[PDB]
């Protein structure tokens, strides 16, 4: 994405858009088993810590590879999170949050391997819970989708959530971007 993506067949745009719209419905409707099934064996689910920097130093704005982060999980760690979030004793999500993943700005670029795709999209995540809690997030998800023989049509191989926050404006991050 360092230069404008080359045009793509609108049939491809529509397909990957549909994949994300369906992803959003699974998350938002608490169908977590199905959402985790979208994840690849080699999933890297990554959400780096963002910091405020003077212009001459915006290179260190995000935490890098061997540094602390909000998320930086592999398939095993994501499998633990799924156990937790479908638990009758998981208090952050029982009672369950009400989330909305508004997905836009989908841009697609061919991958290095075929059947793989680099995707950039933006989001508003709206989390309402209990009586009156309202946390509104926004950002970019830089993905790598890989083609698969399933109904979903793809699996998520890599996700980097660039969050538009320094300090997280939420008492937790108990849901998934």
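Numbering follows the first chain given and starts at 1.
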Residue stretch of maximal mean CA temperature factor, 128-136 vs 55-63: 55-63
Entry-level comparison of average CA B-factors, 161-169 and 6-14, reporting the higher stretch: 6-14
Among 96, 85, 106, 102, highest Cα B-factor in the entry goes to 85
Highest Cα temperature factor in the entry, among the options 122, 152, 49, 27: which one is it? 152
C-alpha B factor of residue 147, ranked within the chain: lowest, middle or highest third? highest
Can you work out whether the C-alpha temperature factor of residue 113 puts it in the lowest, middle or highest third of the chain? highest
